[PDB]
>>> print(open('coords-v3.cif').read())   # mmCIF, C-alpha atoms and all ligand atoms
data_final
#
loop_
_atom_site.label_atom_id
_atom_site.label_comp_id
_atom_site.auth_asym_id
_atom_site.auth_seq_id
_atom_site.Cartn_x
_atom_site.Cartn_y
_atom_site.Cartn_z
CA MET H 1 59.68 75.51 138.54
CA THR H 2 62.24 76.59 135.91
CA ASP H 3 65.87 77.44 136.65
CA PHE H 4 65.10 81.13 136.01
CA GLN H 5 62.45 81.01 138.75
CA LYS H 6 64.74 79.23 141.22
CA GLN H 7 67.65 81.66 140.70
CA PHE H 8 65.17 84.51 140.96
CA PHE H 9 63.76 83.49 144.36
CA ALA H 10 67.38 82.92 145.45
CA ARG H 11 68.44 86.38 144.26
CA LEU H 12 65.53 88.00 146.13
CA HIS H 13 66.08 85.94 149.29
CA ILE H 14 62.43 84.90 149.42
CA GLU H 15 60.74 81.50 149.67
CA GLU H 16 60.59 79.29 146.60
CA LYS H 17 56.96 78.92 145.42
CA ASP H 18 55.55 76.45 142.87
CA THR H 19 52.42 78.59 142.62
CA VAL H 20 52.87 82.39 142.48
CA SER H 21 49.74 84.49 143.03
CA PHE H 22 48.87 88.06 142.18
CA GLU H 23 48.76 89.05 145.81
CA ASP H 24 52.41 87.88 145.98
CA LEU H 25 53.63 90.33 143.32
CA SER H 26 53.87 93.34 145.60
CA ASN H 27 56.14 91.53 147.99
CA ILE H 28 58.29 90.10 145.25
CA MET H 29 58.68 93.64 143.85
CA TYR H 30 59.62 94.92 147.24
CA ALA H 31 62.19 92.14 147.61
CA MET H 32 63.54 92.90 144.12
CA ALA H 33 64.02 96.55 145.10
CA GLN H 34 65.87 95.56 148.25
CA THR H 35 68.26 93.23 146.42
CA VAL H 36 68.72 94.27 142.78
CA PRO H 37 70.12 97.71 142.27
CA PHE H 38 69.61 100.15 139.44
CA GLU H 39 73.06 100.40 137.85
CA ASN H 40 74.68 101.30 134.54
CA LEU H 41 78.14 99.91 134.94
CA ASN H 42 78.06 97.47 132.00
CA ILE H 43 77.69 100.46 129.61
CA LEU H 44 80.82 102.04 131.00
CA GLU H 45 82.73 98.75 131.09
CA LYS H 46 81.48 98.15 127.55
CA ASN H 47 80.42 94.61 128.40
CA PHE H 48 76.68 94.88 127.99
CA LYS H 49 75.12 91.95 126.10
CA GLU H 50 72.06 91.23 124.08
CA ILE H 51 68.92 91.46 126.17
CA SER H 52 67.75 87.86 126.61
CA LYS H 53 66.49 85.59 129.34
CA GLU H 54 69.80 83.70 129.51
CA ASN H 55 72.07 86.75 129.46
CA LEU H 56 69.89 88.36 132.13
CA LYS H 57 69.72 85.25 134.37
CA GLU H 58 73.55 85.21 134.25
CA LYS H 59 74.15 88.93 134.81
CA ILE H 60 71.41 89.64 137.34
CA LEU H 61 70.63 86.35 139.06
CA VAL H 62 73.87 84.38 138.86
CA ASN H 63 76.48 87.16 138.92
CA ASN H 64 74.42 89.29 141.34
CA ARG H 65 74.52 92.51 139.29
CA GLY H 66 71.79 95.06 138.65
CA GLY H 67 70.83 96.92 135.57
CA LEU H 68 68.80 99.62 133.88
CA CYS H 69 65.11 99.59 132.96
CA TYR H 70 65.61 97.47 129.82
CA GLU H 71 67.37 94.86 131.94
CA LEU H 72 65.36 94.89 135.22
CA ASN H 73 61.90 94.96 133.67
CA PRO H 74 62.56 92.16 131.17
CA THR H 75 64.09 90.18 134.04
CA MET H 76 60.81 90.48 135.96
CA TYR H 77 58.87 89.85 132.78
CA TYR H 78 60.63 86.43 132.32
CA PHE H 79 60.07 85.50 135.94
CA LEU H 80 56.38 86.45 135.63
CA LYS H 81 56.00 84.51 132.36
CA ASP H 82 57.47 81.27 133.81
CA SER H 83 55.18 81.79 136.80
CA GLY H 84 52.19 81.42 134.49
CA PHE H 85 51.18 85.12 134.34
CA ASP H 86 49.95 86.74 131.14
CA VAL H 87 52.61 89.41 130.63
CA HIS H 88 53.90 91.70 127.92
CA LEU H 89 56.68 94.24 127.41
CA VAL H 90 55.91 97.81 126.43
CA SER H 91 58.04 100.64 125.16
CA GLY H 92 58.03 104.24 126.26
CA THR H 93 59.99 107.38 126.87
CA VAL H 94 60.92 108.97 130.20
CA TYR H 95 60.13 112.61 130.93
CA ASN H 96 62.55 114.93 132.59
CA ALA H 97 60.23 116.96 134.75
CA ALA H 98 63.14 119.06 136.06
CA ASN H 99 64.11 120.51 132.69
CA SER H 100 60.63 120.13 131.20
CA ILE H 101 61.68 117.96 128.26
CA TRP H 102 61.73 114.34 127.14
CA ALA H 103 64.57 111.96 127.70
CA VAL H 104 65.88 109.99 124.75
CA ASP H 105 63.11 108.55 122.61
CA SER H 106 62.09 104.97 123.39
CA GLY H 107 64.63 104.65 126.14
CA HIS H 108 62.23 102.93 128.52
CA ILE H 109 60.95 99.40 128.74
CA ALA H 110 58.38 98.09 131.20
CA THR H 111 56.05 95.18 131.79
CA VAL H 112 52.26 94.91 131.71
CA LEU H 113 50.39 92.12 133.47
CA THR H 114 46.84 90.84 132.97
CA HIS H 115 45.03 89.53 135.99
CA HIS H 116 41.28 88.82 136.16
CA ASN H 117 40.71 90.70 132.90
CA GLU H 118 42.40 93.86 134.23
CA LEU H 119 45.67 95.48 133.29
CA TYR H 120 48.52 96.30 135.65
CA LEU H 121 51.82 98.00 134.96
CA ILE H 122 54.69 96.09 136.57
CA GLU H 123 57.50 98.60 137.19
CA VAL H 124 60.73 97.50 138.83
CA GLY H 125 63.28 99.44 136.75
CA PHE H 126 62.55 103.15 136.93
CA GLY H 127 65.55 104.02 139.06
CA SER H 128 64.44 104.48 142.67
CA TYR H 129 61.00 105.69 141.57
CA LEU H 130 59.45 102.33 142.29
CA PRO H 131 55.78 101.64 143.04
CA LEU H 132 56.77 98.40 144.90
CA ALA H 133 53.50 96.94 143.69
CA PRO H 134 51.45 96.55 140.50
CA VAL H 135 49.90 99.77 139.24
CA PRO H 136 46.34 99.24 138.00
CA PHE H 137 45.45 100.80 134.69
CA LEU H 138 42.00 101.52 136.27
CA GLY H 139 43.68 104.58 137.67
CA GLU H 140 43.96 103.82 141.34
CA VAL H 141 46.78 105.46 143.28
CA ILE H 142 49.52 103.17 144.53
CA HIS H 143 51.20 104.41 147.71
CA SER H 144 54.79 103.33 148.35
CA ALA H 145 57.75 104.60 150.37
CA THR H 146 59.20 106.08 147.14
CA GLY H 147 56.11 108.19 146.38
CA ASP H 148 52.64 108.02 144.84
CA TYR H 149 51.95 106.42 141.41
CA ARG H 150 49.01 106.18 139.02
CA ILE H 151 48.29 105.49 135.40
CA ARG H 152 46.27 107.72 133.09
CA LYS H 153 45.20 107.14 129.53
CA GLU H 154 46.65 110.15 127.75
CA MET H 155 47.91 110.72 124.25
CA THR H 156 51.28 112.41 124.16
CA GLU H 157 53.84 112.37 121.43
CA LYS H 158 55.63 109.55 123.33
CA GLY H 159 52.80 107.15 124.04
CA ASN H 160 49.10 106.69 124.65
CA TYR H 161 49.38 106.13 128.42
CA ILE H 162 51.35 107.74 131.19
CA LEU H 163 52.77 106.91 134.56
CA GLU H 164 52.38 109.84 136.88
CA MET H 165 53.91 110.19 140.28
CA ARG H 166 54.54 112.38 143.26
CA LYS H 167 56.81 112.52 146.32
CA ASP H 178 54.71 117.45 145.43
CA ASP H 179 52.01 117.49 142.79
CA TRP H 180 51.48 114.85 140.14
CA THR H 181 54.21 114.86 137.52
CA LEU H 182 54.83 112.78 134.41
CA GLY H 183 57.27 109.89 134.99
CA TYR H 184 57.10 108.35 131.61
CA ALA H 185 54.82 107.99 128.64
CA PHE H 186 54.40 104.60 126.98
CA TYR H 187 52.42 102.83 124.26
CA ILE H 188 50.15 99.93 125.41
CA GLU H 189 51.08 98.09 122.20
CA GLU H 190 53.18 94.98 122.85
CA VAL H 191 56.86 94.79 122.01
CA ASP H 192 59.52 92.03 122.21
CA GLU H 193 63.19 91.64 123.16
CA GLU H 194 64.25 93.34 119.95
CA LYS H 195 62.68 96.57 121.18
CA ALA H 196 64.50 95.98 124.49
CA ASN H 197 67.80 95.63 122.64
CA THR H 198 66.98 98.79 120.78
CA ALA H 199 66.36 100.67 124.03
CA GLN H 200 69.77 99.45 125.18
CA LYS H 201 71.47 100.66 122.03
CA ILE H 202 69.77 104.00 122.48
CA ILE H 203 70.80 104.34 126.12
CA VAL H 204 74.35 103.10 125.39
CA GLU H 205 74.93 105.29 122.28
CA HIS H 206 72.74 108.39 122.22
CA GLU H 207 74.69 111.52 123.14
CA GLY H 208 71.88 112.78 125.32
CA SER H 209 71.56 109.53 127.28
CA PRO H 210 71.78 110.08 131.06
CA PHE H 211 73.49 106.67 131.56
CA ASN H 212 76.56 106.54 129.34
CA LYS H 213 78.75 109.25 130.94
CA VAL H 214 79.43 108.47 134.62
CA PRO H 215 78.69 105.62 137.07
CA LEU H 216 75.19 105.71 138.51
CA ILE H 217 73.99 103.16 141.11
CA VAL H 218 70.82 103.40 143.21
CA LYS H 219 69.02 100.91 145.45
CA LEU H 220 66.21 101.06 147.97
CA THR H 221 67.03 100.00 151.46
CA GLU H 222 65.11 99.07 154.63
CA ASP H 223 64.73 102.64 155.73
CA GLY H 224 65.18 104.65 152.54
CA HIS H 225 67.72 104.38 149.70
CA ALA H 226 71.40 104.65 148.76
CA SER H 227 72.95 106.25 145.64
CA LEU H 228 76.51 106.10 144.34
CA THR H 229 78.37 107.99 141.64
CA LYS H 230 81.98 108.50 140.57
CA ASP H 231 82.22 111.15 143.21
CA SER H 232 79.68 110.76 146.02
CA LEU H 233 77.59 108.46 148.12
CA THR H 234 74.17 109.58 149.21
CA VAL H 235 72.35 107.63 151.90
CA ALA H 236 68.78 108.62 152.79
CA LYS H 237 66.96 107.28 155.85
CA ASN H 238 63.77 108.75 157.32
CA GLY H 239 64.22 112.42 158.11
CA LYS H 240 67.99 112.06 157.50
CA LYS H 241 70.29 112.26 154.48
CA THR H 242 74.01 111.81 154.29
CA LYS H 243 76.12 112.88 151.37
CA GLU H 244 79.82 112.13 151.20
CA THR H 245 82.73 112.11 148.81
CA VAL H 246 83.94 108.80 147.47
CA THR H 247 87.42 108.19 146.04
CA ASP H 248 88.47 105.50 143.58
CA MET H 249 89.91 103.56 146.50
CA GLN H 250 86.59 103.38 148.31
CA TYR H 251 84.49 102.72 145.24
CA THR H 252 84.91 98.93 144.97
CA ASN H 253 84.19 98.29 148.59
CA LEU H 254 81.09 100.48 148.45
CA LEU H 255 79.81 98.77 145.31
CA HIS H 256 80.03 95.50 147.13
CA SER H 257 79.07 96.48 150.67
CA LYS H 258 76.10 98.70 149.74
CA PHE H 259 74.93 97.16 146.51
CA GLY H 260 76.23 93.59 146.21
CA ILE H 261 78.05 94.58 143.07
CA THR H 262 81.42 93.04 142.15
CA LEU H 263 82.71 93.79 138.67
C1 LIG N 301 52.26 117.03 129.54
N1 LIG N 301 53.67 117.10 129.41
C2 LIG N 301 54.28 116.92 130.68
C3 LIG N 301 54.16 117.96 131.72
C4 LIG N 301 55.08 117.77 132.88
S1 LIG N 301 54.43 117.69 134.51
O1 LIG N 301 55.45 117.51 135.51
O2 LIG N 301 53.70 118.88 134.90
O3 LIG N 301 53.45 116.64 134.70
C5 LIG N 301 54.02 118.38 128.89
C6 LIG N 301 54.54 118.31 127.50
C7 LIG N 301 53.53 117.53 126.74
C8 LIG N 301 53.73 116.11 127.15
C9 LIG N 301 54.17 116.05 128.57
#
>>> encode(input="coords-v3.cif", output="structure tokens", more="lines below")
Ligand SMILES: C[N+]1(CCCS(=O)(=O)[O-])CCCCC1
Amino acid sequence: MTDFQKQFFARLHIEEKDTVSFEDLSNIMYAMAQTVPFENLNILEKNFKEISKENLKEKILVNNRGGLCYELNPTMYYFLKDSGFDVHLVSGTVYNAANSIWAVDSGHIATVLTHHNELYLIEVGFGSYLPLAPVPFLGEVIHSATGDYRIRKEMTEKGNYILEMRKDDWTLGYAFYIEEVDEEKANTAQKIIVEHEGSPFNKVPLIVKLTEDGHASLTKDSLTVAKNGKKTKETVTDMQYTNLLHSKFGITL
């Protein structure tokens, strides 16, 4: 068991395990969603670092922060790698179904896992749109509390595969290429999301995390808490913003 693995189990508040199985992945992903939030604050504080195993262990596992896709998915990638799984990073581009257009090119990073000769997409970083389990490339629908998810082989101008989702009809989440990439592509996604003028993540604070009974979202101005059949939206002032970061998301800057 490496230090990365130990800090990871600790971060997720789940049992240490010297042998991690495939059947375990779903519950680790669920635990990761409950504990590690999607957040962009290091872009705004201008203290993002190079994407690496050490920097990420320190930011996410030691300092109990969250991150964006190019931080959360490589984090899981490293955990999965030390756990003996055959894993790879892939690059893609998110689609903005609302406005019917692509997000910034090559802004997304994700993880693919090989088990028993079959491919699974491991997705823990796509905001709150989380499958909470591996998504089989064979095409099977994964049902989670955040919605439905499936992979399709499909050439677009942003990849040769797609992650589709709902919840009302199937809509494109992101397109990606199955071709393997490394940390340098991850650092490039960061640069893109930090710098590009059309990036959704370099203007205002954005923090989301799943919870027991739904999810919670925070911005410069408002806190949204969704439970089942109930949503609360409320204004947040600068004075309440530090407490909320800590109390709802375990974030201390
Ligand atoms: C296929 N598509 C996405 C459609 C968007 S939908 O929400 O309906 O799934 C349209 C532009 C070409 C590449 C992406």
>>> closest_residue(input="coords-v3.cif", among="H:215, H:84, H:67, H:183", to="ligand LIG 301 (chain N)", atoms="only C-alpha atoms and all ligand atoms")
H:183
>>> closest_atom_pairs(input="coords-v3.cif", of="chain H", to="ligand LIG 301 (chain N)", cutoff="7 Å", atoms="only C-alpha atoms and all ligand atoms", output="tab-separated table")
residue	atom	partner	partner_atom	distance
H:97	CA	N:LIG301	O1	4.9
H:100	CA	N:LIG301	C4	6.3
H:156	CA	N:LIG301	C8	5.4
H:157	CA	N:LIG301	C8	6.8
H:180	CA	N:LIG301	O3	6.1
H:181	CA	N:LIG301	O3	3.4
H:182	CA	N:LIG301	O3	4.1
>>> closest_residue(input="coords-v3.cif", among="H:240, H:258, H:81, H:230", to="residue 213 in chain H", atoms="only C-alpha atoms")
H:230
>>> closest_residue(input="coords-v3.cif", among="H:117, H:242, H:257, H:212", to="residue 224 in chain H", atoms="all atoms listed in the file")
H:242
>>> closest_residue(input="coords-v3.cif", among="H:34, H:128, H:64, H:52", to="residue 7 in chain H", atoms="all atoms listed in the file")
H:64
>>> residues_around(input="coords-v3.cif", residues="residue 263 in chain H", least_positions_apart="2", cutoff="9 Å", atoms="only C-alpha atoms", output="JSON, numbers by chain")
{"H": [41, 42, 65, 252, 255, 261]}
>>> residues_around(input="coords-v3.cif", residues="residue 148 in chain H", least_positions_apart="4", cutoff="9 Å", atoms="all atoms listed in the file", output="short mmCIF file (atom, residue, chain, number, x, y, z; two decimals) with C-alpha atoms, keeping the file's coordinate frame")
data_model
loop_
_atom_site.label_atom_id
_atom_site.label_comp_id
_atom_site.auth_asym_id
_atom_site.auth_seq_id
_atom_site.Cartn_x
_atom_site.Cartn_y
_atom_site.Cartn_z
CA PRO H 131 55.78 101.64 143.04
CA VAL H 141 46.78 105.46 143.28
CA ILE H 142 49.52 103.17 144.53
CA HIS H 143 51.20 104.41 147.71
CA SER H 144 54.79 103.33 148.35
CA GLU H 164 52.38 109.84 136.88
CA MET H 165 53.91 110.19 140.28
CA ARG H 166 54.54 112.38 143.26
CA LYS H 167 56.81 112.52 146.32
CA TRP H 180 51.48 114.85 140.14
#
>>> closest_atom_pairs(input="coords-v3.cif", of="range 30-64 of chain H", to="range 200-208 of chain H", cutoff="12 Å", atoms="only C-alpha atoms", output="JSON lines")
{"residue": "H:40", "atom": "CA", "partner": "H:204", "partner_atom": "CA", "distance": 9.3}
{"residue": "H:41", "atom": "CA", "partner": "H:204", "partner_atom": "CA", "distance": 10.8}
{"residue": "H:42", "atom": "CA", "partner": "H:204", "partner_atom": "CA", "distance": 9.4}
{"residue": "H:43", "atom": "CA", "partner": "H:204", "partner_atom": "CA", "distance": 6.0}
{"residue": "H:44", "atom": "CA", "partner": "H:204", "partner_atom": "CA", "distance": 8.6}
{"residue": "H:45", "atom": "CA", "partner": "H:204", "partner_atom": "CA", "distance": 11.0}
{"residue": "H:46", "atom": "CA", "partner": "H:204", "partner_atom": "CA", "distance": 8.9}
{"residue": "H:47", "atom": "CA", "partner": "H:204", "partner_atom": "CA", "distance": 10.9}
{"residue": "H:48", "atom": "CA", "partner": "H:200", "partner_atom": "CA", "distance": 8.7}
{"residue": "H:49", "atom": "CA", "partner": "H:200", "partner_atom": "CA", "distance": 9.3}
{"residue": "H:50", "atom": "CA", "partner": "H:200", "partner_atom": "CA", "distance": 8.6}
{"residue": "H:51", "atom": "CA", "partner": "H:200", "partner_atom": "CA", "distance": 8.1}
{"residue": "H:52", "atom": "CA", "partner": "H:200", "partner_atom": "CA", "distance": 11.9}
>>> write_last_selection(input="coords-v3.cif", atoms="C-alpha atoms", output="PDB file, keeping the file's coordinate frame")
ATOM      1  CA  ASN H  40      74.680 101.300 134.540  1.00  0.00           C
ATOM      2  CA  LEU H  41      78.140  99.910 134.940  1.00  0.00           C
ATOM      3  CA  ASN H  42      78.060  97.470 132.000  1.00  0.00           C
ATOM      4  CA  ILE H  43      77.690 100.460 129.610  1.00  0.00           C
ATOM      5  CA  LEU H  44      80.820 102.040 131.000  1.00  0.00           C
ATOM      6  CA  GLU H  45      82.730  98.750 131.090  1.00  0.00           C
ATOM      7  CA  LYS H  46      81.480  98.150 127.550  1.00  0.00           C
ATOM      8  CA  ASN H  47      80.420  94.610 128.400  1.00  0.00           C
ATOM      9  CA  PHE H  48      76.680  94.880 127.990  1.00  0.00           C
ATOM     10  CA  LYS H  49      75.120  91.950 126.100  1.00  0.00           C
ATOM     11  CA  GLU H  50      72.060  91.230 124.080  1.00  0.00           C
ATOM     12  CA  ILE H  51      68.920  91.460 126.170  1.00  0.00           C
ATOM     13  CA  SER H  52      67.750  87.860 126.610  1.00  0.00           C
TER      14      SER H  52
END
>>> atom_distance(input="coords-v3.cif", atom1="CA of residue 109 in chain H", atom2="CA of residue 197 in chain H")
9.9 Å
>>> axis_aligned_box(input="coords-v3.cif", around="range 86-103 of chain H", padding_each_side="6 Å", output="JSON")
{"center_x": 57.3, "center_y": 103.6, "center_z": 130.6, "size_x": 26.6, "size_y": 45.8, "size_z": 22.9}
>>> atom_distance(input="coords-v3.cif", atom1="CA of residue 187 in chain H", atom2="CA of residue 99 in chain H")
22.8 Å
>>> closest_residue(input="coords-v3.cif", among="H:85, H:113, H:24, H:193", to="residue 71 in chain H", atoms="all atoms listed in the file")
H:193
>>> atom_distance(input="coords-v3.cif", atom1="CA of residue 104 in chain H", atom2="CA of residue 159 in chain H")
13.4 Å
>>> closest_residue(input="coords-v3.cif", among="H:14, H:192, H:153, H:3", to="residue 88 in chain H", atoms="all atoms listed in the file")
H:192
>>> residues_around(input="coords-v3.cif", residues="residue 155 in chain H", least_positions_apart="3", cutoff="10 Å", atoms="all atoms listed in the file", output="mmCIF file with C-alpha atoms, keeping the file's coordinate frame")
data_model
loop_
_atom_site.group_PDB
_atom_site.id
_atom_site.type_symbol
_atom_site.label_atom_id
_atom_site.label_comp_id
_atom_site.auth_asym_id
_atom_site.auth_seq_id
_atom_site.Cartn_x
_atom_site.Cartn_y
_atom_site.Cartn_z
ATOM 1 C CA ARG H 152 46.270 107.720 133.090
ATOM 2 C CA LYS H 158 55.630 109.550 123.330
ATOM 3 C CA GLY H 159 52.800 107.150 124.040
ATOM 4 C CA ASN H 160 49.100 106.690 124.650
ATOM 5 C CA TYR H 161 49.380 106.130 128.420
ATOM 6 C CA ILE H 162 51.350 107.740 131.190
ATOM 7 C CA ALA H 185 54.820 107.990 128.640
ATOM 8 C CA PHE H 186 54.400 104.600 126.980
ATOM 9 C CA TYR H 187 52.420 102.830 124.260
#
